[PDB]
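Undergrad: Chains as they are written, first to last, in our numbering: chain W, 255 to 623; chain C, 6 to 48; chain L, 1370 to 1410; chain A, 1370 to 1410; chain F, 86 to 161; chain B, 22 to 261; chain U, 3 to 100; chain Y, 1009 to 1072; chain E, 4 to 27.
Before I ask anything, here is the structure I am working with.
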Ligand SMILES: CCCCCCCCCCCCCCCCCC(=O)OC[C@H](COP(=O)(O)OCCN)OC(=O)CCCCCCCCCCCCCCCCC
Ligand code: HEC
Ligand code: HEM
Ligand code: HEM
């Protein structure tokens, strides 16, 4: 059969490197998470109403009256969190092992990352809690042709029902575009095949995928499901905010406004830059700096398995990414601010300046440069 | 970057320049008209 | 024949003539069309 | 060794043993699990 | 595609059937030594950034507290 | 922020598989019905919710029929009140939040349905707040309609201290000490904010047992199908 | 200096996998061309060295230290071939530039 | 008739408690002495409360 | 010829005879 043959060529029997570690599981996990989100999202959509009078009431009706509706809702929320965990580890694998030299795959990836962040933002706006509304107003004004654009998105003077309903429509429709972009992501990769942790040409040692990296993906799916169900069934609110369980009050502002934890690194950067515009731009660059990453590779070795100085710089980058995630949480006061300012300066200087200079030095040490 | 921008290449730069400007012009007219940019349309 | 050699032979110019014409066409079309509709009703 | 030759070697029988076992496993698992949960709380 | 992937010659690759070999040969026998071998080749590259993250985090917390702590000299 | 983070308490549901004490939920529902229902609302908890939980269908039935509920204007445009049904939700204290503002000196008593979930460290907070109306220290002065509750944000909660020892009598007879009452209402409010707490933990126990069965078996299947390669011995034999 | 270079060589760890520096070089067209120009012996040997590394990686294991290639042992076999390819490319590029 | 107060009573006996309480006393007089100071003692008391309450709870529900 | 070289022993990996195969 042509299709089955096509599948066989792509999934059942696709030459793959024999030595790829567990990190290469993560992208498949992302696909599973996408399907899980879509499935749970569909079962949230049969009872959710995108009306500002009834959105919180519909969410409470899902949690209290629909049979196992609390299960599907908290699976959806913690599956969004699991999606961002697997996304960050997938991007970290791509940065560490030199997989960004697959440039088309990397660019389709950063497009997918932007789409996933927009989908999660509008989805967090959707339950219409206190925290959802205040966060929503903030980001829209972030866009402020600025004023017009903000008002357009809001669909009015300020976020109100007009927004909620169009955010429901956009949050519904974008994961299917994410699925199509993921199909393009898989295509742009099979043309080149996956990379291996040594960074070398693995053409001499390739094995099938059906019996070797399928049972491995099944085991990774089982472990990810274990972590997701222990996040849902035991600590269902360790990652969310309590203030989202209050209804949206436009008159009452919260004492401290946050997005959800995976936006924090960006939040820190935005807060760090004094200028509003500067913050927005830096914020964008924060994500975009990655796209820029394949043009900064100045080494003759693809992976970081044999590159210790750039390994040290990479782990310092992971370290101050964790620092920026912490700072975002901290309120505006000394000395959280300075750390934020430095951490952002160090983040951009390590990605932009320090890694290509270190790669040049590493090439000089091996008598290559 | 002389590999693709050598002395010979400059020649090509000027050779193509006119065409490039034309294309920007087309886009410019379009933007003005399509988005009804009125600052330019009003003139 | 001059037009072809001037604005319709070079694709860039072809686009230019199209865009510019379209920019004005709307003015003319809307105006003319409206006249007709008004006359009708 | 007998089991393999009887219910685990022919794939059809492999499926049969799986399905039948699963049919009963639920009974046992639920029962056993519930006992534990109750004892805990 | 399997086949016509690359040129490999004069190599002999031996292997065994899954059911013929022990499932977890010396799993903890050498696994532990290896895991430990591994950790000592990567710990100096990995750990000290997270150590100074822990110090900066604690420092920030304590510093913040001191910052909040009322200035005794003030208001007197 | 500027408040004592409520000290954690050894709750009977604090453990990883530890369910709620349902007698405490019944006592806390009695505490809410006799004390907390005068100002606070429970819009997402119908009387039916009680059924099967610390109360039966008939038990709740009598509880639901103790109150009256306007059942609309019928067919004669006649707004009319009827005894509550197992399908009726808990009655409103006020018809609209502006009446709550007028009756509570400008303060709005919030929905207590999800209070525990909505308040950071709610169960503790609740207990602390209800049991934390300590005297304002020197240097701080509060206006009328305010009370120095260290835990409450700002330490100025409009709510006056509602639990005086022996405020209400527990039908079970368990001594109605202020604390015994605050612990019961914190358990109940908790239940309110998560009626499925018990059912879930059962699922989680079944999930842990199933994953403890299934993870080593799937690991064994993977290590079977990967042993072949993990034993592969390569040898280079240039013809030389 | 070279002492540290040897330390860095050890740091690279390809010795742990018995990988010649040339083996490590990430494949590039120029590299590929040089590889093509390589004599069969080197090519075949290079192949096995590379294959060996992957297998070791698959098992997350390293060669016996003694089997490990010494800083001195490592040879830049492909270096010259590459030099030629690069120079030729440079020549053609300059020709194009002019 | 409050086990909690009794718990607090035992808590009172705790030395750490008295230390914090002492500080509070200093400031109360401190505030009084400073006729027009916005120097409050929430700072001090909070501290006292934390310890007192933290210990209270440690032995509060168990007593409950 | 190729005869010179011999198969390495996988006994280390090798586990515990059609009698056993059925069980295995
Ligand atoms: C000089 C090295 C001496 C080593 C002595 C140890 C014994 C060596 C011989 C025995 C073998 C033991 C095991 C060997 C394992 C692998 C080899 C190894 O660890 O090598 C040392 C390693 C690599 O050395 P190399 O990269 O050449 O050093 C450049 C330093 N930048 O280098 C390191 O591991 C050093 C790493 C230091 C990292 C310091 C980072 C400080 C700054 C962190 C900032 C984080 C963010 C802060 C906040 C920012 C925002 C405010
Ligand atoms: C039964 C013993 C209870 C419990 C467990 C709680 N209350 Fe009340 N409450 C009342 C008013 C007017 C307010 C708002 C005051 C203000 O906002 O200034 C409250 C508030 C609360 C909260 C929320 C605290 C917060 O941080 O928002 C909580 C958790 C709470 N109460 C618990 C009024 C009353 C009553 C009328 C006098 C009585 C009776 C109760 N409350 C009873 C209880
Ligand atoms: C097309 C598939 C999807 C549909 C139909 C869908 C639908 C919904 C609906 C109706 C809600 C509101 C119910 C609730 O409060 O949980 C929601 C919430 C949410 N969704 Fe989705 N969703 C989909 C995919 C995704 C994906 C892929 C993500 C991750 C990027 C995501 C992230 C979220 C988040 C974070 C929330 C907020 C959960 C919370 O209340 O805490 N959704 N979604
Ligand atoms: C929407 C979420 C994503 C999905 C579903 C996804 C899916 C996949 C899949 C299935 C693979 C092949 C298996 C693997 O190697 O892990 C893969 C590989 C890859 N992806 Fe993604 N991906 C996502 C996000 C991204 C992002 C954001 C990037 C860019 C940073 C990216 C870049 C790559 C690269 C470079 C590879 C090649 C791996 C290698 O050979 O080393 N992906 N992705």
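Don't be surprised by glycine CBs; every beta carbon is placed ideally from N, CA and C.
1) To the nearest angstrom, how far is it from the Cα of residue 29/U to the Cα of residue 454/W?
2) Report back the beta-carbon spacing between residue 63/B and residue 129/B to the nearest angstrom; my notes put them in contact at under 8 Å.
3) Which residue or residues does DSSP assign as beta-bridge partners of residue 254/B?
4) For ligand 1, I want to know if residue 585/W counts as a neighbour, meaning its beta carbon is within less than 6 Å of at least one of the ligand's heavy atoms.
5) Out of 34/B, 99/B, 198/B, point me to the one whose CA is closest to residue 183/B's CA.
6) Which residues in chain U sit within 7 Å of residue 270/W, going by Cβ to Cβ distance?
7) Please write down, chain order preserved, every residue whose beta carbon lies under 7 Å from a heavy atom of ligand 1.
8) Name the DSSP beta bridge partners of residue 460/W, please?
9) Examine chain E for any beta-carbon lying closer than 7 Å to the beta-carbon of residue 254/B, and answer yes or no.
10) Measure the beta-carbon distance from residue 49/B to residue 206/B and round it to whole angstroms, keeping in mind my assumption that it falls under 8 Å.
11) Please list the residues of the segment 219–248 of chain B that have a C-beta atom closer than 8 Å to any C-beta atom in chain A, keeping them in chain order.
12) Measuring alpha carbon to alpha carbon, tell me which of 85/U, 95/U, 26/U ends up nearest residue 53/U.
13) Are the C-beta atoms of residue 26/E and some chain A residue less than 7 Å apart?
14) For residue 1393/A and residue 231/B, I'd like the C-alpha separation in whole angstroms.
15) Between residue 461/W and residue 275/W, which are expected to be in contact by the criterion C-beta below 8 Å, what is the C-beta distance as a whole number of angstroms?
16) With a threshold of 7 Å between beta carbons, is residue 1406/A in contact with chain E?
17) Determine the direct distance from the alpha carbon of residue 17/E to that of residue 250/B, and round the result to whole angstroms.
18) Closer than 9 Å, Cβ to Cβ, to anything on chain C: give me those residues from the segment 25–36 of chain U, in chain order.
19) State yes or no: is the C-beta of residue 449/W nearer than 6 Å to some heavy atom of ligand 4?
20) If residue 218/B and residue 212/B are in contact, beta carbons under 8 Å, what's the gap, nearest whole angstrom?
21) Once you ignore the five residues that flank residue 264/B on each side, which residues in its own chain have a CB closer than 6 Å to its CB?
22) Would you say the beta carbon of residue 339/W is closer than 6 Å to some non-hydrogen atom of ligand 2?
23) Could you check the C-alpha separation between residue 149/B and residue 1061/Y for me, to the nearest Å?
24) Among the residues of its own chain, which have a CB less than 6 Å from the CB of residue 73/U, if the five just before and after it don't count?
25) Just curious, the beta strand (DSSP E) that residue 501/W is in, first and last residue?
26) Could you compute how far the alpha carbon of residue 1401/A sits from the alpha carbon of residue 279/W?
27) Could you work out which residues of chain B lie near residue 100/F, taking near to mean beta carbons separated by less than 9 Å?
28) Quick check on residue 15/C - is its C-beta less than 7 Å from some C-beta in chain U?
29) Is any heavy atom in ligand 3 found nearer than 6 Å to the beta carbon of residue 293/W?
30) Taking the continuous alpha helix (DSSP H) assigned at residue 2/U, which residues delimit it?
31) Can you find a C-beta in chain E that's less than 7 Å from the C-beta of residue 1381/A?
32) Cβ of residue 19/C less than 7 Å from any chain U Cβ?
33) Measuring straight from C-alpha to C-alpha, what distance separates residue 335/W and residue 493/W?
34) Listed from N- to C-terminal order along the chain, which residues in the segment 39–50 of chain B have their beta-carbon within a distance smaller than 8 Å of any beta-carbon of chain Y?
35) Just how far apart, CA to CA, sit residue 100/U and residue 65/U?
36) Does residue 90/U come within less than 7 Å of chain C when only Cβ atoms are used?
TA: So, to answer that:
1) Position 27 of the seventh chain, counted from the first residue, corresponds to residue 29/U. Position 200 of the first chain, counted from the first residue, corresponds to residue 454/W. Residue 29/U and residue 454/W: Cα-Cα distance of roughly 7 Å.
2) Locating residue 63/B in the sixth chain gives position 42, counting from the first residue. Locating residue 129/B in the sixth chain gives position 108, counting from the first residue. Not confirmed; about 15 Å, so no contact.
3) The residue labelled residue 254/B in the question sits at position 233 within the sixth chain. Note: residue 254/B sits in a beta bridge opposite 99/F.
4) The residue labelled residue 585/W in the question sits at position 331 within the first chain. Flag unset: Cβ of residue 585/W not near ligand 1.
5) As a first step, residue 183/B must be located in the sixth chain, where it is residue number 162. Looking at the Cα atoms, 198/B is the closest of the given residues.
6) The count along the first chain starts at 1 and reaches residue 270/W at position 16. Near residue 270/W there are no residues of chain U at all, since even the closest Cβ is about 12 Å away, more than 7 Å.
7) 562/W, 563/W, 566/W, 570/W, 573/W, 574/W, 577/W, 593/W, 596/W, 597/W, 600/W, 125/F, 126/F, 129/F, 130/F, 133/F, 134/F, 137/F, 138/F, 141/F, 10/U, 13/U
8) Sequence index remark: in the first chain, residue 460/W carries index 206 (1-based). Paired residues: 271/W.
9) Translated into the one-based positions of the sixth chain, residue 254/B becomes position 233. True, the Cβ-Cβ gap to chain E drops below 7 Å.
10) Residue 49/B sits at position 28 when you count from the first residue of the sixth chain. Residue 206/B sits at position 185 when you count from the first residue of the sixth chain. 4 Å between Cβ atoms; contact.
11) 219, 222, 223, 226, 227, 230, 231
12) Taking the first residue of the seventh chain as 1, we reach residue 53/U at position 51. Checking every option, the nearest Cα to that of residue 53/U belongs to 26/U.
13) Numbered from 1 along the ninth chain, position 23 holds the residue referred to as residue 26/E. Chain A contact via Cβ: present.
14) Locating residue 1393/A in the fourth chain gives position 24, counting from the first residue. Locating residue 231/B in the sixth chain gives position 210, counting from the first residue. Approximately 15 Å between the Cα atoms of the pair.
15) Within the first chain, residue 461/W is the residue found at index 207, counting from 1. Within the first chain, residue 275/W is the residue found at index 21, counting from 1. Rounded, the Cβ-Cβ distance is 15 Å, inconsistent with contact.
16) If you number the fourth chain from 1, residue 1406/A lands on position 37. With 7 Å as the cut-off, residue 1406/A does not count as an interface residue toward chain E.
17) Working through the sixth chain from its first residue, we reach residue 250/B at position 229. Working through the ninth chain from its first residue, we reach residue 17/E at position 14. Spanning the two alpha carbons is a distance of roughly 13 Å.
18) none
19) Indexing the first chain from 1 puts residue 449/W at position 195. Answer for residue 449/W: yes, Cβ within range of ligand 4.
20) As a working mapping, residue 218/B is identified with position 197 in the sixth chain. As a working mapping, residue 212/B is identified with position 191 in the sixth chain. Yes, residue 218/B and residue 212/B are in contact; Cβ-Cβ is about 7 Å, under 8 Å.
21) Lying outside 22 to 261, the shown extent of chain B, residue 264/B is not represented and no answer is given.
22) Here residue 339/W is taken as the residue at index 85 of the first chain, counted from 1. Incorrect: residue 339/W has no Cβ contact closer than 6 Å to ligand 2.
23) On the sixth chain, residue 149/B is found 128 positions in, with the first residue counted as 1. On the eighth chain, residue 1061/Y is found 53 positions in, with the first residue counted as 1. Near 9 Å, if we compare the C-alpha coordinates of residue 1061/Y and residue 149/B.
24) Taking the seventh chain and counting its residues from 1, the one referred to as residue 73/U is at position 71. Excluding positions up to five away in sequence, the list reads 8, 11.
25) Residue 501/W sits at position 247 when you count from the first residue of the first chain. Note, residue 501/W: premise wrong, no beta strand (DSSP E); not H, not E.
26) Your numbering for residue 1401/A matches position 32 in the fourth chain. Your numbering for residue 279/W matches position 25 in the first chain. The alpha-carbon atoms of residue 1401/A and residue 279/W are separated by roughly 34 Å.
27) Here residue 100/F is taken as the residue at index 15 of the fifth chain, counted from 1. What residue 100/F touches in chain B: 249, 250, 252, 253, 254.
28) By one-based count along the second chain, residue 15/C stands at place 10. Output row for residue 15/C: interface = no.
29) Along the first chain, one-based indexing puts residue 293/W at 39. Residue 293/W: no, Cβ never under 6 Å from ligand 3.
30) Residue 2/U cannot be examined here, being either before or after the span of chain U that is shown, 3 to 100.
31) One-based indexing of the fourth chain puts residue 1381/A at position 12. No, residue 1381/A lies away from the interface with chain E (no Cβ there is under 7 Å from its Cβ).
32) Residue mapping note: residue 19/C aligns to position 14 of the second chain, counting from 1. Not one chain U Cβ lies under 7 Å of residue 19/C.
33) Counting from one through the first chain, the residue named residue 335/W turns up at place 81. Counting from one through the first chain, the residue named residue 493/W turns up at place 239. So the alpha carbons of these two residues sit roughly 8 Å apart.
34) none
35) To locate residue 100/U, count along the seventh chain from 1; it is residue 98. To locate residue 65/U, count along the seventh chain from 1; it is residue 63. The alpha-carbon atoms of residue 100/U and residue 65/U are separated by roughly 51 Å.
36) Indexing the seventh chain from 1 puts residue 90/U at position 88. So, not an interface residue.
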